[PDB]
Every structure is written in structure tokens, then in C-alpha cells.
Amino acid sequence: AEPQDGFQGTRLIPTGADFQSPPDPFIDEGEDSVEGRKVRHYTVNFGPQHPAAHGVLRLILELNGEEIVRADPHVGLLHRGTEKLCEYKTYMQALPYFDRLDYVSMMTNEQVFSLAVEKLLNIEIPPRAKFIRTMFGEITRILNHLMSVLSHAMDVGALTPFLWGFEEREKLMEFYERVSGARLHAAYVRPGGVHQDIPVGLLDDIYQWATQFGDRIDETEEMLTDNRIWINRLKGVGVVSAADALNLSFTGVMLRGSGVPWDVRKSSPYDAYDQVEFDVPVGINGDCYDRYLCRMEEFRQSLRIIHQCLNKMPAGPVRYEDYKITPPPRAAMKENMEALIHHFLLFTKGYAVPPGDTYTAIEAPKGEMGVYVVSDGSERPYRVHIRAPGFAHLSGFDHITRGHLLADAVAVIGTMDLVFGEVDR
Amino acid sequence: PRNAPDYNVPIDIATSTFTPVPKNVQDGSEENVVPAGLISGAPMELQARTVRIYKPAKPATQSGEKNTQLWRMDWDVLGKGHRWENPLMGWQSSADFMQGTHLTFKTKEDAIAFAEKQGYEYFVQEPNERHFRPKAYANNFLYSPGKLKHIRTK
Amino acid sequence: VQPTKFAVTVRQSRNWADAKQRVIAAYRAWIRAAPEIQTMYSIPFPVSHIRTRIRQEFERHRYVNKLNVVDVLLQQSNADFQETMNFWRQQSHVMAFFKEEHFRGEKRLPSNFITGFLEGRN
Amino acid sequence: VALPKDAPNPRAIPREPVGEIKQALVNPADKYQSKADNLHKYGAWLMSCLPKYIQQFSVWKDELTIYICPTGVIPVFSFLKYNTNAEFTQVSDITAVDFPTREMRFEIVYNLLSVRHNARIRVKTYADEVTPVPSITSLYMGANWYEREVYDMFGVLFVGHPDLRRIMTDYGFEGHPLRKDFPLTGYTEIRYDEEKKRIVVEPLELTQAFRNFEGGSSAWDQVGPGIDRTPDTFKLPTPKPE
Amino acid sequence: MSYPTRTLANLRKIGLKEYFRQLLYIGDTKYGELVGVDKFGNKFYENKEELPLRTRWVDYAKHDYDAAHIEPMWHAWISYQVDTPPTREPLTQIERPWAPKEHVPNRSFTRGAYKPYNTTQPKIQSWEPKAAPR
Amino acid sequence: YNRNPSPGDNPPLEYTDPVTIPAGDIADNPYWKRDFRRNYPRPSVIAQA
Amino acid sequence: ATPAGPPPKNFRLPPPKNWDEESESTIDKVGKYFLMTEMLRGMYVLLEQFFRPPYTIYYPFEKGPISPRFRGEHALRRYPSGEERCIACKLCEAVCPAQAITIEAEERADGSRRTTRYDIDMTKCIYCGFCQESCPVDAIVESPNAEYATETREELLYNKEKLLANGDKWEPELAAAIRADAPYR
Amino acid sequence: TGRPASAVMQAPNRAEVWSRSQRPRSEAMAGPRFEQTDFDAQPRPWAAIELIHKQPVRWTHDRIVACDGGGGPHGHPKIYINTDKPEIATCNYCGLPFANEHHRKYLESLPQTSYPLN
Amino acid sequence: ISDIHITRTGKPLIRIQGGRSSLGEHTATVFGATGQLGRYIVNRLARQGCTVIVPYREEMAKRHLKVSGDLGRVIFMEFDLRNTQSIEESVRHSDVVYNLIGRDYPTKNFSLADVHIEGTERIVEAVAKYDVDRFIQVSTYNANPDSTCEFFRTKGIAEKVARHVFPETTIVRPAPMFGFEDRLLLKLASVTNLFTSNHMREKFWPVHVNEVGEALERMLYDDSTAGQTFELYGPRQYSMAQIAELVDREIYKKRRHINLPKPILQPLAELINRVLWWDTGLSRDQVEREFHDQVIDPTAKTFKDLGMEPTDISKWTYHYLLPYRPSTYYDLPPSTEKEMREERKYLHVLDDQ
Ligand SMILES: NC(=O)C1=CN([C@@H]2O[C@H](COP(=O)(O)OP(=O)(O)OC[C@H]3O[C@@H](n4cnc5c(N)ncnc54)[C@H](OP(=O)(O)O)[C@@H]3O)[C@@H](O)[C@H]2O)C=CC1
Ligand code: SF4
Ligand code: SF4
Ligand SMILES: [Zn+2]
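Read on for a plain summary of the structure.

What counts as what
Residues numbered from 1 in each chain as written, not as in the entry; some residues may be left out. Chains lettered and ligands numbered in written order. Part of a larger assembly, values for the part shown. Heavy atoms only, no water. Residues with missing side-chain atoms left out of burial classes, pairs and counts. Contact = heavy atoms within 4.5 Å. Helix = DSSP H or I, 4+ residues; strand = E, 2+ residues; numbered from the N terminus. Buried < 20%, exposed > 50% of the residue type's maximum accessible area, 1.4 Å probe, protein only. Buried area = accessible area lost by both parts, 1.4 Å probe. Salt bridge = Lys/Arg side-chain N within 4 Å of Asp/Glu carboxyl O. Near = heavy atom within 4 Å. Nonpolar A, V, L, I, M, F, W, Y, C, P; charged D, E, K, R; others polar. Expected span 1.5 Å × (residues − 1). Bend = angle between axes of the 7 residues up to and from the residue. Pairing = 2+ DSSP bridges. Axes fitted to C-alpha atoms, helices over the stretch in contact; angles between N-to-C directions.

1. Focus: the arrangement of the chains
And step 1. When the 27 pairs of chains in contact are ranked by number of contacts, first place goes to chains A and D.
And step 2. No interface is formed between chain C and chain E, the nearest pair of C-alpha atoms being 18 Å apart.
And step 3. Contact between chain C and chain F is absent, and the least distance between their C-alpha atoms amounts to 30 Å.

2. Brief notes about the environment of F105 of chain B
And step 1. Of note, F105 of chain B is situated in strand β5 (residues 102-105).
And step 2. Overall, the relative accessible area of 1% leaves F105 of chain B in the buried class.
And step 3. C-alpha of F105 of chain B to C-alpha of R72 of chain B: the two residues are 33 residues apart in sequence and 6.3 Å apart in space.
And step 4. Excluding anything up to four places from it in sequence, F105 of chain B contacts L70, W71, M73, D110, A111 and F114 of chain B together with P100 and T101 of chain D.

3. Comments concerning the interface of chain A and chain D
And step 1. Facing 74 residues of chain A, the contacting portion of chain D comprises 81 residues.
And step 2. In total, chain A and chain D occlude about 6300 Å² of area from one another, counting both sides; carbon and sulfur atoms represent 56% of this.
And step 3. Of all residues in chain A, the largest losses of buried area upon contact with chain D belong to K84, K119 and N247 of chain A, amounting jointly to 11% of the total for that side.
And step 4. For the pair chain A and chain D, the number of links is ten salt bridges.

4. Some points on the site of ligand 2
And step 1. As a matter of local geometry, ligand 2 sits amid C86, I87, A88, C89, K90, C92, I103, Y118, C135, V137, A139 and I140 of chain G.
And step 2. Partitioning the shell around ligand 2 into residue classes produces eleven nonpolar, no polar and one charged.

5. Regarding helix α1 (residues 16-41) of chain C
All names here are of chain C.
And step 1. For α1, which comprises 26 residues, the first-to-last C-alpha distance of 35 Å matches the rise-based estimate of 38 Å (1.5 Å per residue) to within 8%.
And step 2. Bending of α1 peaks at approximately 45° at the position of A34, with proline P35 no more than four residues after it.
And step 3. Regarding α1, the residues found buried are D18, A19, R22, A26, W30, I31, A33, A34, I37 and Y41.
And step 4. Residues of α1 that are buried make contact with α2 (47-59), α3 (67-85) and α4 (91-97).
And step 5. Downstream of α1 by a residue or two, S42 has a phi angle that is positive, lying close to 50°.

6. With respect to the pattern of salt bridges
And step 1. A full pass over the atoms with the stated rule returns 135 salt bridges over all chains.
And step 2. We note a salt bridge from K11 of chain I to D133 of chain I, for which the minimum N-O separation is 2.7 Å. Of this pair, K11 of chain I sits in the loop between β1 (4-6) and β2 (12-14) while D133 of chain I is found in the loop between α3 (112-129) and β7 (134-138), placing the two residues 122 residues apart along the sequence.
And step 3. One salt-bridge network, in which partners are shared between bridges, spans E138, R141, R256, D263, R265, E298 and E363 of chain A.

7. Let's talk about the sheet that holds strand β6 (residues 356-364) of chain A
Residues and elements named next belong to chain A.
And step 1. Spatial ordering of the open sheet is given by β6-β7-β8, a layout of three strands whose pairing is antiparallel. Strands at the two margins of the open sheet, each flanked by one partner only, are β6 and β8 (383-387). Within the sheet, the average angular offset between the axes of one strand and its neighbour, ignoring direction, is 10°.
And step 2. For strand β7 (residues 367-375) and β8, the ladder comprises five bridges, and the chain directions are antiparallel. From the neighbouring strand, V371 faces β8, where its bridge partner is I386.

Right, here's the structure in full:
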């Protein structure tokens, strides 16, 4: 009989406090005396004006000398109301909003929204689209790890690998511009497949880059992996146990670094990841050094997947073949009545999506990215909620940093793959 | 005082030169009604403005009745501030933050319940219904005992 | 408390006696903090002027007779209090709370019918 | 330029011709019927184990949703965390949806993950403007920020939450932007004023007003009613003739 | 980064005057074949033995060189969007009497900067008052 | 070898837009048989009753 | 943590090894420590890069590569006769994800369906190509141009005059880009 | 705010507006924002209405004529135009003039036509 | 006060009152808007959606003015006061013109008469040529053409020229204004030593620059301010010494003035102005100006006529000088016995770190 039952406050609702069980005491392991003197902490604001590791980050820390007492990240400096805007857009019009969430991982961001909409559309995309999206997925994973690992290396003082690897970014950004017409915000992966087919000379150009990328990974490992300064900066820093990582909502490398073998591409396969072979790097100490080694090995497995996609690329259409969902080819639209109508309706009204809801998750470069979409049967989504892995990771910053040195905070900010378009949305 | 406008209502930060003077702002003492408009964070203006609750009529240009199924809640356009011409580009500026907002309800009791809870003034427009009359194809060819009175053309 | 400086765990009031104590407790913390609020945001008003605003904010909700609604207002008050006593708000946020510092004035509605009519709906 | 001896031009290799491509028509919902029975049985067993709080369950394709009353939030999630046949030890996501036509306008949606069983579950409860929900922060640390987001965007209180404050909106922001009745551009906007030498909030004024093309929605329903896929083990028996 | 043998060779192919002038704008010692000239007077060169993306380059006609001075079709060529230079590009031969005759550079920061305006009439017309005589 | 020729000089006539013959036939493909959007599964709901 | 079923073979790590049991000689261990062998190896890598060709191009004398699909400055196009391609369908105004396009239209003096206002707010436009994809006559296109930074924001409010002039200037690129990519569109 | 011909002429090839809601350039480029400005530097594309009417009439004997703009896939959707009325038929996309040969003598009789006829 | 304003020449201005995007309808030119006071009139007009024409000399100096208005509202014009074309290109579209052009010192290029008398005369002649509705001419307190002081004298003739060419000229006589970026409060609060040949005994009635800017706006709205004259001053008389007392009372620093005698300081003040290239705050006509004492005309309109009540400068010293009071821990007053006792509840060194 809520909420009038609350008008006069009967039957308080049970909290988690009302279910605290006393531990079993048998097996439970857990004057002007100067010991009673209190210690005053000083509270320091870090960011966003004063330089931080990266992004729009106001990090408010309570310190005891050099040690972190409380860590309090203030976010929303990049909260742009993306989730509300999506309710005033068609599904086509909302797709570019996903490029701008994790804005170094554009195609996998648009991949997760395409898969969720495809699920409510009840359509199976063509095999060539599946292989193109998987291929661009691992190209985007390398682009992300190049940004993440190297800028994390640059934050702790290692200038040079960032320069070397961003030329690799330039080469892979050319592939993004060749398929779409953009360096970053491709809007390439759409529900139904991909916008347009790849130009006839792209696969060989990707292959030529693939023959030399292993050396680029190796030269990066020459400066960091065995370097004793790098090890002393990362080993034993930002430790989280396997049990707490699950309870903190950690996904991806932040979870696999603590020993849990789990990859969304393996557990719930999507696109063509069931048709490709790859290994999952897993750490054992749950620290920044293990997470660095997992990400370096993910470079090699991504390249290994890309080579398989180059050889397994099938022929056929790249867009689902129903002009009620995907736009017809321009020659069809100018030729026959049916195609022109379907072109007109898809670009003014949009396609109608059957009502319902779904939670769809992928293994994004920064961990489990998910999207929760509610369809009301119309051409605009009723609700779009985005699950960003960086949001859960930064929410754990206090748990992993309390009691530790202020001089290790830059290491764990970089060990979390943190882009604040993901965090704030 | 029987629909008198309360010229002494406290303002908030969204009160503008285009905000109408309210009659009845919620205080949290109304009988049996949750005072959402008191705690929602919405400006005072929404308790001063009137919403329309209606079933949208079928467009005269189409036979589809999909958009007549639900109840619509819409804000009436004010005398000033709804639109004006921007001198630079000729674009259409607005001071009405509710101009592009509408709410959809399964039943009008739902729409009325939401409007009472937020404190909107509302006006309910009942839908005009069709008057049933049976139609028969054979009536195009009835025998006329007298002067034809009209010449049919299929 | 434990999470951050002025953090208050969200709890329902048990009864109207419980609620009244919290409301008076909330008011007491607010008007006590008024001297600090002035010097912390360099407000160009006396503590008297600030403390009057506190009472009016509590007087807008004096007539509430619903326990659940009070719990909502109490939670809002704690959230506003924490983000003020922690220097999380900026001078722009607190200054916007004082309705006098808008360049169109504080009497932002017409006094009566004929002043609003002569100016054009206010 | 100096070419590599064993790297020939990959464009110069002719490709085998492609002719009449044939792709079968696939209904993507068919592959989930293999587990449709098991998902209903799991939902039914949960309802039998917690009948006091579980009102209904639904199975769509491979997604199982559990519908519960707000008071059972702690008992139900305890069971999903600790039961040996339900080890949903991670909260993937907590969010809300607004339905103004409902008396309880806010639908609270929890998505859980069980790594051990490689499974996911959805739990739905409901809330109001003045009716709180139990916080699950005592069972899941990751839930802390998700509940702050729900409180920030929707105004839903979580009793037992430590430090329930805004996470996304500006300090002193008024309103809950993900409510359907909250307008897209909100109520106010900021600028720098050269007299006050600081930023000032002012009533919102758009040089070009937002243009809502919602009225272009199709005058005809375009999806239809769909297909019933309830398994036979969860449909009632029928009386035989005679 | 030229290297000694590259710079020494290009010096011999171009001379010290040209070498120093090239060092005054591009800051490198480049030599190649003249692909063509655009309407503004920019000279375009190709050399396929250079480093990738350095095989095409422009010598600007104007001391205050700006990237917007490049003729449109040549802009495609130097950015590797096409391989056929405008000298052999048939689409550059279609006669469009409306086409701008002189080159259009970026006019920002000058008094030729583009000024926007409403291109339509007012949506409403007031009455023209006509006091009827008594 | 690299980006040679430039994609802007790929001969347009060579590339063929592919059509899969069940979905793209002119003879034996009625739309309703491949209309998998309108054959979407309804959620299967079980209440306590 | 582990999947249900029996523990993965050899998932459990063997017990830690003591200092005594390390399979690495003292002289090697002491030598690497005092001589910093892996740091010397990393320095040697830099010298190898010091003698490799740099990747730098000398912009604006040289340019990076762009494709026929590249999305830059907007333009309005004509037919070979010079008639406007635009017929005021409003498809680009409807699909625009950012509401950057504003259009007004009536019958022209000759009775043709043409626009009277065609504005693009370049400070609202997200450069996504949706208008160019939605146009049934190839009227709105994105040119390859990207070098049009302006002194004032008002210079980025393009009206129909600015857009038709852009199409007149850039037409040979616009036709070449359409020529190369139209088979894939 | 404009004395020069670029500031008054609606287009280089047409002085007058070609639609009723078109703002005349003389009023559009007037006001404070056009004070210290070069007017020849302003974008002034040619009027499309004047250019299309220089196009000669494409004569045909067939009653129905197809038009797609002439670019194949690079033009507009293919439409079919009826030439049975004794007048110049115009494509509703590209504005191209078409006429049947049956009406040539009456069209040649006409004092002035919308299109050159030759 | 309404949606209709009819201008001197009759133009009806249907106005939509609001903020940045609204329609104020007025087109204003503000000469000398790049100075201390020009920011408060430009800001007030632009934020009401009025078009403000800003003639400028240095581009980097006027950059802050654009923020006031919406797109297309603040318009900049390159101008020289001896370029007539530039003055009247900036004015021919305006319905109100503010003349805020003044200078307290002579320069190599402009005598006080060149910038004030000849400056006004070119502007006022432009105003009458295009029939601008309101020409508000800003002047000085003590403006009198019979004064020995060239400042006051050249502000006197320019009043007479403006009123002759344009009889409806509105003259505003502000007293020395304080406020943000003023030359009263911060000059006292900042410079280590002042060369004042009068022991800071000159008296005047300081008025907030904000109120002067607001007053200028209020004259636009009422047509009754044309052909009028406005002395604009604060409530209470002060002297440079008494205001310096307030300044010192707020920044905890002691003022030190050398006070060289007039026959020696005045020629030196001339030399410094002719060899240093900036406003030194010191010049021959400025030393003479400090012996003069602000005398308020009794036959001139005041803030009363505009519905305003000026605030006293002592109400504003703390606000405007707060960022200049030291806040180092070294400078707090000694700890109370309450403070001495609580210190013994804390450890004051981390021995483990
Ligand atoms: N401030 C005060 O206390 C008092 C001021 N006044 C009068 O008030 C008005 C405004 O005062 P305030 O804003 O403080 O003065 P400022 O000195 O701060 O600004 C004066 C303005 O005049 C312009 N200017 C000066 N000389 C010339 C010139 N030769 N040619 C063109 N422009 C010129 C300046 O432009 P630029 O920045 O390019 O130099 C500047 O914008 C002036 O008329 C002044 O004389 C009178 C009494 C008291
Ligand atoms: S540009 Fe193309 S899509 Fe937009 S109105 Fe013109 S014809 Fe229609
Ligand atoms: S590029 Fe995208 S955002 Fe820009 S005008 Fe075209 S559709 Fe709109
Ligand atoms: Zn045609």
C-alpha cells in the first residue's frame, strides 16, 4: 500500500544492517599516553586543473603523511547527458553517441550497441559483417592498448615507447579512415552489420602492417618488461584479491590480473570470436605488473586474431539483407520504388524495434562493456543505459589504495584503463 | 482565494521573465496526494502552467491509428517566450524549457494521477469517438422507384 | 562519517518524534555553520542574512504531514550540507542560492496584474 | 626502394572468382530454445525457494528476469550471492527506468554475473518518489557507485547506503534528469558575467529551440505482436476430447 | 632528418641558392620531378624513392604559405586521395561557367571573412497603419 | 606495395555489390518467410498462480 | 572464479621456490645487479632507433593520407547544367544526429521544389556523413577539406550561399570522391 | 550597408530574388555586421534558376521519357515524364526540358518560351 | 519597463526581455569601451540581447568584451579618433552612442585637448549626421571650461561642443570610481610609495563603477534623460587619506607617501610622463589635479533622478581587497589557551615516517 503507507511511517523496510550475523568465534581468525594522541590528516585535491595522470579527474585524497587514508574521486566533469539524449534519437541517430564514450575504442563501443539492437531486432547479420567486426574489434583493442599501456608508461616517466607506439596508432587509424571517413568516430559498426564494405585493397594493407607489428610489440617489451625501475614501480602495487575483484565489479584485465580466467569473448561468444583461435592472459598476483604483462600478451593475441580474420574473410554482403532495417544500396534507391520508400523511411522515421529489453555485454578493451536497452516498439529507444568498465574500476580506487603510498596512486590510475567519457557518459 | 494568483510565491533560480504567476504551489499537506512537485527539483513554473491530457486524434492524411492508442500529456504554449526569430541566422529561439517535452500514459487516470502528484494544472480533453453505422457494398446499386436524385460513378 | 567527512547513512525515521529531532538537528547544524559558510565562500552578506535564508528553506516544508516525504527532504538537506561544508560547491553555486544576485533582481515575478501586463507577462 | 626478397606484392596475386553466393535464412531466436526449459526451471526453483518475495519471473531468449517486492531486496540478493547453485557474486549493473503511467514509476534493474556457472540473471524491483529501496552495498562493494547514479539520475533513495550523494550532476543541481518529465535541455544554464567576475546560473534560453521529430512516428504499428515461445514443460495440460 | 648522402646528392642536383631557399621554408633538402602547377602558382613535385607520405610535396607560390592556398583538385593529389594528378584528371576539364575563376583561399582574419545572414523574409508582417479620414 | 594504388584510384567498375540469392532472388523469396523481425519471441512470463 | 566442473588441469601453482632453490648462478645474479644488464640492453635499443628513418612528414608542405570517404567541410552540389541538386526533401534535416541543419522551402519562381534556407551549424555538426548518406540526389556532401579554422564562431554558421560556393569550388574533388566510392554506397 | 554590385545583386547572373520568401541581398547584407567588410569576397554563387533555362529543349518522338540526371548512379532517382501536353515538360528533379516533336510547330509559334528551343 | 520603447526619432522597438538569446532591439556604439568603465555598460547591454558596436585600437585589449553577448551581438570595429571614416562607420547604424573616451595624462600623440575636445567633436558631429537618437557623453566631476586644470578645462569645452552640435546630449559627471580594476582602491592598495604633493588632502565622493555603469543603462531606457546633466557621486565625502586608512585597515600594511613639494614634484611629474611609455599615475596636470577639490554642481541630476542610491566605499574595501590580505600561517594572531590545550591531543611529527 505504498506510498501512503509511508505517510505515517509504518513497517520500516529491512536494511543490510538487519542481517549482520556475528562471526563464529571458534574459527574466526580476525594519562597523557602518546598512543591516544590523534593524528591530523591533510586533504589534498588533485585535478582537474592541477595536472593529473589523464582526463577530467578531481581526485580528493585524505593523507597521513605519505600514506593514503581515504580516496574520493569526484566525477561528472564529462557527464554530457548521453543517456537522456538517446531517448530523443532514432537507433541510427543514437549510434554515433557510442563512438564518444570510450573514445579510443570506438568500433567496439558501437559494436556493443549494434549487438544489443540486433538482439531485439531478432536478425542474424551476414558472415562477412561478423568477420569485419571481429577484425576491427581486435584492431580497436590494439589501438586502445597502445594508448593505455604507453600513456601509463609515460606517466611513470618512460617517454620513448609512447612515441614509437603512436606511429602504430597512425597506421591503424588509416584503416579506420579507409573504411569510414574518420580517424576516430567512424560510426562504422551499425545494427545489421557495417555501414559499407571495405575497399578492395584494404586486406593486403592490413596484412603488410601485420608482418611488422610483432617487432613493434617486442621493442616495447625491451624497455619495460625486464627493466628494474619499471618492475619496482609496478610489482606489488595496486593489489586486489580475486574475491574482492568480483565483489567490486572489476572486469577485463582488472579481473584477470587477480587470477580469474574469464573473457566475455570466451564465455559468451559474439560476431566471429567462436571462429577464431586465441589465448587469454591471466595474472596471479593481482598487481600492476601482472596487469601490464596481460596487456602486452593481449597485443599478440589480437594480432593473432587479425591474421585469422584476414584469411577467413568470406564473400557476401556486409549489411543484413532486409531494406526494412538496413538502408538499400544507393543504386537500388534511385532505381526501384520499393527501395526508395525504404530509404526514405529509414532516414526520417527509422526502423521499428520490437518491444522488450536486453542486457548485452562484450569484452571491450577496457573490460566488460554492457548496454541495457528498453524498446517500446517505436523507432526511438525508451531507455539506453551504458555499463562502462571504467566506472566500476574507478569506484574501487579507495579499496585498492587505502593504507598505501601516495607515490603509487599514478600506477593504479594507469593500471585502470580510465577514459572519463566512459565513466561519466 | 478562489483561483487568485499568489503574487508572493517564492521564486527559484529558473524563474524567468516568461514564468507565469502560480495559483497553488504544493506544500506537502494536500490530502491523499504524494507531493512529488515539492521534492522533484522541478521549478515553481511547472505548478503555474497547465498541461493538456488527451488522446491524439487520427491524422486526416492517413488511415493508421497507431498514434491514437495512448494518452498524451502536453504543455500549453504561453503568450510570450515560446518562439522568436533570432536576428543573426533567423533561427527560432525559445524560452520555454517544456516546449519539446510530452508524456505518454496508458489510461487518463494514470495521466491525471501523475499530474496531481507533480502539481501541474491540467485540462482533460476526452476523445471524440466514431458513431457506428453499418456499410454495405450492395447499397451502391439500390433500385430507385423515382427520379434518380444522384448519378453514381463506381 | 566513515566514507567521507559529513556522510550520513540513509535511514528512515521510525516515527514523527524521530523525524522532528532530525529536522531540528538539521536546522541546528545549518545555522551553526553559517559563520563558516560566509568566510569559506567569501559571501558578500552578513551571517544574519544567511541564517534567514536557512529558516525560509525550512519553512517551505513546515506544513509537510507525510513521514516518507520528510525522509526525502532530510536526505537532501544532508547532501547539501556535506557538499557545502566540504569545499565541493564553488562560490558560483552558493551565490546562486541567494536570489538577490541575479541581474534581473529578486522580484522576478510581477507585483500585481497591471505591472506584468504593462511590461508583457513580467 | 629496397624491397624484401620474400615479400611479393599481395595485390598482385589474383583472387579466385566468386559466383552465386547462397546464405540460409536464420531465425536467431531458435538457438535459445535448447535452454528455454532450463531457464524456466531455474526461475521456478527460485520462486519456490523464495516465494515470500519473488512475484514472477520471465524468460525472453537466454535472459532470466526475476521480479521482487522492495522489502526482499536484501534476502533475495543474499541468496543469489551465497547459494551453492546461485553464485552470482558480481553486480554487472544497477540502473533504473521511469514509467510515469505506473504508480511505482521507477523500475530498478539489477544485472548479476556468476563466473562459476557462466550465467547472468536480472532482478527487477520498483520504487517511488518517496518509497526507498534497500541498498545492497553490504553485499556488493561495486554496487556503491551504481546506486549513487540511480539516486542522481532518478531521485531514488537507498536506505543503508553510506554516502548517498550526486555522482554525475553539478553541485547544487536541481532535478533528476532521467525522469521522463525532466526536459532535455533542463531548466538553467551558465555563463561568465563580467560584472560579477564569476560564473552565474541563469534561466535557460536557447538561440535555436530543440526540434522534436517524435510526431513522425509511423501511423501504423510496424512490429506486430510477436511469437509465443513458452516451453511445453511450463504450459498447462489440456483436456483430451471425450 | 636527411642523412649526409641524401642531402649531398640533392645539393648537387639543385645548387646552393635553391638549397638555402628550401632550407628557409620546408627546412629540408628535397628534390623531385615537377608534377604540375596550380592556379595559385603552387608547384607540386613527386619522388617515389622518398620515405612513405613524403613522396609528394608542394612548393608554395607565396612567402606567407598557408595550407588553404592549394587548388582543390591538387589538394586531393597531395593528400594521396587520388593518384592521377589534375594535369591528367578529366573531371578538371568539365566547363562550369559558374565555377570561381580566381582561387578562393581561407578568408578568416581578413575583411573578406564570410559573414552569415538570414536568407529568408520575416515570418510575420505587421499592418501598415492607414488612418481613415473623418 | 603500401596503399598503392590509392583507394581513390580503385577502378569503380571492378567492385560488385553482392546479393545472397535467397534474400536477393527475383523468383522464390516471399518477404514474410524471411521476416524474422516480426517473428520476434515474446517474453514468457510465469507468476505465482 | 574457476568454471564449474573439476579444477582445470595444473591450475594450482606449484609452491614458491626458496632463494636456495633458484636455478641461476650467483655470478650471473651479482653481475646483472651491479652492471644493470637489462638497462644497458634497453639503451642499446634506442641507438638502433637513432639510426632508423624518422616517421615525421613536413606539414603543410606534405600531407597525411585521406580516403575518398573522408568527412570534412560540407558543400552543396549542382548538376552539370548548373541547376541545384537540392530539392528540399528534408531527409538530411531529419536524420541529422545533432540537429545542425535548418531548412526552409517553397516553390521557386519557375515552380521548382527548391530551398530558400539551407544552414548548417558547423559548431553543432559531428561530421558523421548521415546527411550525405540520406541524400537521394547527392546534393549534400562532405568535402575532403579540413583546413578552414576561423577567427570567429559566426564564420562557422554556414548559410546556403556559403555552401553553394563551397560546392562550386570543390566540385572536381566532390565528383572524384563520389566516383571512387559510389560502387560501395 | 552595401554600395557595390556584389552587395545588391542577388547573384552575379541575376539581380532579382527567385522566391517570395527569399531575402533580398541588399537587406540581408545590411546592418552593423557588414560595415568594414569586402563584399566581392562574400560567397555569391550563381542563380541556378537562370542557368537551367539556358538548357535547350531535348526533342523526342516518344510520349514518355526517362530522366535520371545523366550520371547513372551519380544522378537522381529515375522518373518518367509525359510530353503529351503542347508545352515544354520539365524533369521535377533536374529541371531538364523535354518536348514532343508533335508540338514543335506550336512551340515555334510561341512568342517566348521558358527554354531556348534550340 | 516594457515590450515597447519608442526612440527619439520614433522607431518602435518591440522587445523580448530575457537573457543572452533575447531581443533587446537597441543598437549601441560605445567609444572607449576597452577601459575600466566600458566593461559595465557593454556587459549590461549585450546580456539583454542588444547589439553593441565596440570601436577599438588594440585587438588583444578588447578580447574580454565578446563574452558578454550572444553570437553576432558584440561587434568590433578598428578605429582611430583621427580617422573620421572609422568613427562614422561605427555610428551610422546605432540608436545610442556612448562616449567614454578620456585620458588623465597627455601623450606624444594626443594632448588632453586632442583626445577630449577634438575627440568629442569628431564623434558628436558623426552622431548628428546620422540622427542618432541618444548621445550620452561621459565627462568628469569638476568639469568646467574656465578651470586652470587642463583635464577639467578640456572636459568643459567638450561638453559645450557636444551640446552645441547635438543639443540632446546627456552629460554624465562621475566622481572618481572605485571597484574591480579601479584606479582608486587598488592604486592605494598596491603601489609601495606614492608621490602625492598634497598629503592626500583632496576630498571627493567616490562612487562604485558598477553603479555608474548601471546608471548609463538607465538613461537609455528613459527618454527624459536627454538634454540633461548628471553629477554621479557616492553618499559620503572622503579624502585620499581617509580612504587610504580603509585600505590599510583591510590589507594590514602601512601606507607611505613621500610628499615632495609642489614646485619640485610637478616638473618631475612632467619628465616621467614624457620618458616612460605607460600610465605612471603621475603627471603635471595630475599633480595640479590633486590640489583641486571635487565641488558638486547643485543644478545637476543625480542618482535620485535615476532611482538609485550609491553605496559608500567603506562597504566595498573588504570585498575588493580580500585577495590582498596575507593568509599565511605565519600571520595568525597568537593561540588562545583553548588552542594551547587542544594541541596536546595530537602528535605533531610522524616518527614512523
Ligand atoms: N575613472 C575615473 O575615476 C574617472 C573617469 N572619468 C571619465 O570616465 C570615462 C571612462 O573612465 P575609465 O573607463 O575609468 O577610463 P580608462 O582610462 O580606463 O579608459 C578610457 C578609454 O579611452 C580610450 N582612449 C583614450 N585615449 C584615446 C584616444 N586618443 N583615442 C582613442 N581612444 C582613446 C581608451 O582606449 P584604449 O584602452 O585603447 O586606450 C579607453 O578605452 C572617461 O571619459 C574618463 O575621462 C572622469 C572622472 C573620473
Ligand atoms: S541536401 Fe539532399 S537530403 Fe537535404 S534537403 Fe537537399 S535533396 Fe533533401
Ligand atoms: S555530418 Fe552528421 S551532424 Fe553534421 S550536418 Fe551532416 S548529419 Fe548532421
Ligand atoms: Zn532529371
